[PDB]
Amino acid sequence: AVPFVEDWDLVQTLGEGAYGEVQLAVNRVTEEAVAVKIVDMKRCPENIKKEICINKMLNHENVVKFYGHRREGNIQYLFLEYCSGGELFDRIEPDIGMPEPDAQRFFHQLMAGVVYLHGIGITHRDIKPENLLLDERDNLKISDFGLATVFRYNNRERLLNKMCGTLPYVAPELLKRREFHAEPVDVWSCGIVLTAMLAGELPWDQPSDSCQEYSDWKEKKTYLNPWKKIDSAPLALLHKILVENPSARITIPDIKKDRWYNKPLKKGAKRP
Ligand SMILES: COc1ccc(-c2oc3ncnc(NCCO)c3c2-c2ccc(OC)cc2)cc1
């Protein structure tokens with residue numbers, strides 16, 4: 001009943017996506033901020049319709065909250081939780097990474113978000129530091145469900161076959177096999193994200209037989225970069241995640257039992 005609370009000012013561009021751009025909107029009355037993802041549809045309808053649908057299913061503290069959407073002509077609007085900390089990508093110093101206690105905390109929160117999605121039968125399919133945003137308290141939130149899909153419905157798993165994602169994060173089976181299980185693919189990409197956080201570099205362009213850096217890993221040459229920059233404990237976890245055979249790859253229940261994952265490293269937030 002308050003006269004102007006449906007009014008938002010568009011205060012700046014947060015960035016450009018393929019679809020279009022994202023602008024920071026601020027309520028004229030409350031000063032609440034939200035991100036507005038703008039998707040130029042004459043530039044596709046299949047992508048955004050499913051993205052919205054999937055967003056309506058989601059409610060979790062480590063997943064960017066979906067507030068709504070409007071069609072306003074040929075433009076789709078998605079109203080989303082504003083994550084003022086920006087991309088996890090920007091917290092990774094090239095060639096260095098970040099402090100191991102920060103990397104562990106981000107990884108904990110990433111697993112909590114991924115457990116949530118998988119528990120409701122959704123696979124994100126493009127996990128990478130660009131899509132892991134950070135709120136004002138540096139809490140990690142999984143964003144962009146534009147490539148997400150259902151892998152479980154009525155308690156029945158469906159195998160995937162659409163190739164998608166981003167090559168350096170993509171699991172080797174998605175390049176080698178016609179069909180593959182969804183969950184190990186997201187586990188793999190989380191491993192590449194962990195590697196990036198701890199070494200400040202991606203291990204290979206793609207996990208194919210034709211990629212020298214990938215062969216080196218499969219030959220256990222961890223005296224090379226990026227592996228040499230990583231302490232033995234997290235590296236042991238990475239040996240379990242970055243396993244070529246997805247049926248042998250560690251699952252998330254088992255990641256939660258891993259020694260590094262459970263290693264005390266980090267004290268509270270600066271006077272919490
Ligand atoms: C410090 O600079 C920035 C830049 C972007 C953002 C940002 O905050 C967001 N909150 C919600 N969604 C967001 N993006 C859409 C998917 O959910 C953002 C972003 C943002 C927006 C666009 C972008 O493209 C480069 C990268 C990050 C936050 C801070």
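Computation of the quantities below employed the complete heavy-atom set of this structure, encompassing side-chain atoms and omitting hydrogens, waters and symmetry-equivalent molecules. FYI, the numbering just counts along the sequence from 1. One-based numbering, in listed order, for ligands and for the atoms of each.
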Number the atoms of ligand 1 from 1 as they appear, then name those within less than 4.0 Å of a heavy atom of [X], with their elements.
X   : answer
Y82 : 8 (O), 10 (N)
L80 : 17 (O)
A35 : 10 (N), 11 (C), 12 (N)
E81 : 10 (N), 11 (C)

Indicate yes or no: at least one non-hydrogen side-chain atom of [X] is less than 4.5 angstrom from one of [Y].
X    : Y   : value
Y77  : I38 : yes
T13  : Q23 : yes
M197 : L88 : yes

Quiz item: Name the one of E21, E16, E51 that satisfies salt bridge (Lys or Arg N to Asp or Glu O under 4.0 Å) with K37?
Solution: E51
Looking only at protein heavy atoms, which one is nearest to [atom], and how far off is it?
atom                    : result
atom 23 (C) of ligand 1 : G15 CA, 3.8 Å
atom 17 (O) of ligand 1 : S143 CB, 3.5 Å
atom 15 (C) of ligand 1 : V22 CG2, 3.9 Å
atom 14 (N) of ligand 1 : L133 CD1, 4.0 Å
atom 1 (C) of ligand 1  : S84 O, 4.3 Å
atom 4 (C) of ligand 1  : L14 O, 3.7 Å
atom 29 (C) of ligand 1 : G86 CA, 3.6 Å

Exercise. Determine whether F180 and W188 fall in the same hydrophobic cluster, where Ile, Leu, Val, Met, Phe, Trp and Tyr are linked whenever their side-chain heavy atoms lie under 4.5 Å apart.
Key: no
Practice problem: Assign the ring pair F151 / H118 to parallel, tilted or perpendicular, where the plane angle (0 to 90°) is split at 30° and 60°. | Solution: perpendicular
Quiz prompt | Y214 and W204 aromatic ring geometry - parallel, tilted or perpendicular at 30°/60° bounds | solution = perpendicular
Exercise. Return yes or no for this condition: an N or O of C83 is under 3.5 Å from an N or O of ligand 1.
Key: yes
Quiz item: Is there a donor-acceptor contact under 3.5 Å from the side chain of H108 to the main chain of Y261?
Solution: yes
Quiz item: Distance-only, no hydrogens or angles: does the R91 side chain make a donor-acceptor pair with backbone N or O of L134 under 3.5 Å?
Solution: no
Quiz item: Can you tell me if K37 has a non-hydrogen atom under 4.0 Å from ligand 1?
Solution: no
Self-check item: Test item, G17 contacting ligand 1 (heavy atom, 4.0 angstrom)
Solution: no
Quiz item: Between CZ of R71 and CD1 of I52, what distance do you get to the nearest 0.5 Å?
Solution: 10.5 Å
Backbone, side chain, both or neither: what part of [X] comes under 4.0 angstrom of ligand 1, heavy atoms only?
X   : result
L24 : neither
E16 : backbone
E87 : side chain

Practice problem: Examine the side chains of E61 and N139 and answer whether a donor and an acceptor come within less than 3.5 Å of each other. | Solution: no
